[PDB]
Amino acid sequence: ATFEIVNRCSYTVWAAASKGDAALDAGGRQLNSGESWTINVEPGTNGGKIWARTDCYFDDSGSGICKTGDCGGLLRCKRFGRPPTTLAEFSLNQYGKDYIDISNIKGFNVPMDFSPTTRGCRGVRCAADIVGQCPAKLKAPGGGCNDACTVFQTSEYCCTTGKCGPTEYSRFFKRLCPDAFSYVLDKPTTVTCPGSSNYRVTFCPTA
Ligand SMILES: O=C(O)c1cccc(C(=O)O)n1
Ligand SMILES: O=C(O)c1cccc(C(=O)O)n1
Ligand SMILES: O=C(O)c1cccc(C(=O)O)n1
Ligand SMILES: [Eu+2]
């Protein structure tokens with residue numbers, strides 16, 4: 001499957017793509033404002049994620065740090081990134097269909113649209129100014145809006161036992177972005193797409 005990753009933000013982002021225990025494609029790349037990077041994701045990839053990283057420094061070996069979404073200091077991510085990270089999440093070719101969503105469960109850093117480029121399903125978007133509106137107690141200095149689990153490490157925010165409800169913090173993410181997961185047991189906003197669909201992830205879709 002191809003994912004066209006487009007940075008419409010006015011600032012550079014460092015895109016990242018991983019399934020947690022491995023890179024997808026090269027795993028990461030710099031996208032200046034307006035740039036597009038098309039990656040190949042193997043069919044059957046389960047639990048893949050794409051995200052943006054902001055304010056990164058990398059040396060000539062591809063090692064450094066990002067203020068948001070750092071993946072163990074690598075340009076080419078092999079693992080998931082440090083919250084806060086808005087997540088484009090996908091599982092492909094799962095019994096004939098693909099499944100996509102956006103999630104704020106690991107916080108929010110950059111607004112994103114995640115849509116199919118092929119027929120048969122809708123896209124999802126979280127484009128609101130979550131960083132600007134972020135509750136004070138969730139604000140990340142280096143940028144972004146942390147999820148409550150990251151900040152407070154309670155069973156209720158982290159849904160540790162598989163039993164948890166919505167919270168004042170989850171409801172903030174949900175209010176700003178109804179079509180993204182706001183906590184672990186949120187009413188799902190996963191979209192079913194035809195198996196082997198192709199996609200576009202756009203950062204800053206409205207600006
Ligand atoms: O490599 C990492 O990110 C790491 C390693 C050990 C513990 C933790 C953790 O508890 O977050 N994270
Ligand atoms: O298991 C973990 O602790 C973990 C996994 C992916 C990324 C990170 C991180 O960036 O801290 N930590
Ligand atoms: O030091 C770390 O590895 C760390 C710190 C904050 C969050 C996380 C995480 O979400 O894994 N990991
Ligand atoms: Eu960690």
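Here, residue 1 is the first one in the sequence, and each next residue gets the next number. What you see below is based on every heavy atom in this structure, not just the backbone, and it leaves out hydrogens, waters and symmetry mates. Each ligand, and each atom within it, is numbered from 1 in the order the structure gives.
- Taking all atoms of both residues into account, the shortest heavy-atom contact from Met112 to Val201 is CE-CG1, 4.5 Å.
- Each of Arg82, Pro83 has a non-hydrogen atom positioned under 4.0 Å from some atom of ligand 3.
- Relative ring orientation between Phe152 and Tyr157 is described as tilted, the plane-to-plane angle lying within the 30° to 60° band.
- Here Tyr169 and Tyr183 keep their ring centres 6.0 angstrom or further from each other.
- With respect to the salt-bridge test (charged N to carboxylate O, under 4.0 angstrom), the residues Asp186 and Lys174 qualify.
- Geometrically, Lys49 engages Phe80 in a cation-pi contact, judged by NZ or CZ lying under 6.0 Å from the ring centre and within 45° of the ring axis.
- Here the two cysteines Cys164 and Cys159 have their SG atoms closer than 2.5 angstrom.
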